[PDB]
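One chain comes next, on its own, written out as structure tokens in the form deposited in one PDB entry.
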């Protein structure tokens, strides 16, 4: 398991959490020095539990699929909540079985469905450590519309930060003041599968992407990533989605 506490949190303690989150994900191989997530894990070992504590010390436990860093569901007191998708229903066979009741959320966990449920795109939803504190608090008591926004915050401040050093740093910059994600953050989130694939395809193609990945950079400029010498590959991405899952 991994844990993060909002009470007394700072960029350093958050960085330690994201480090722990990354290190909890198993891999037997690195591709261009980046850990390659496993094709599959059977049974309960598929799911990492993240214990998150809001500023007041109230807690939720979030179940994360260790092969793709997808959040499947979470436990809040004696109620479990799972996304309305087959992978999450499968997770519900293994985690939070002791919950007195299980609620299936009225949406799947993908950005597009969550944004529809929330009533806004995540371009308009501030993120940061304060937003994470709010998100945890919101998830404590069932409200499906509120929860959708909270989950958009939760996913980006945990999984996406684990996947990209840039996103982790963006949240560290938002330790005491929320701000909507940079266009670069959004671009990286949207391109994780694509980048993961092209980095793996580069292995037998002399470090060269079979298909370029278009990204938005720090300055708001759209750029093309064509090979493994790119800063996105050498410094930024921290976890690769296995091509078997793409």
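Positions refer to the first chain, counted from 1.
Form solved in complex with a small molecule: not shown, discussed below.
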is_contact(residue 168, the small molecule) in the deposited complex, heavy atom dist at most 4.5 Å:
no
Examine residue 70 and determine whether its closest non-hydrogen atom to the small molecule in the deposited complex is within 4.5 angstroms.
yes
With a cut-off of 4.5 Å between heavy atoms, is residue 110 one of the residues that contacts the small molecule in the deposited complex?
yes
Heavy atom to heavy atom, is residue 174 within 4.5 Å of the small molecule in the deposited complex?
no
Answer option from 75, 155, 148, 129, heavy atom within 4.5 Å of the small molecule in the deposited complex
155
From the list 136, 118, 95, 159, which entry has a heavy atom within 4.5 Å of the small molecule in the deposited complex?
159
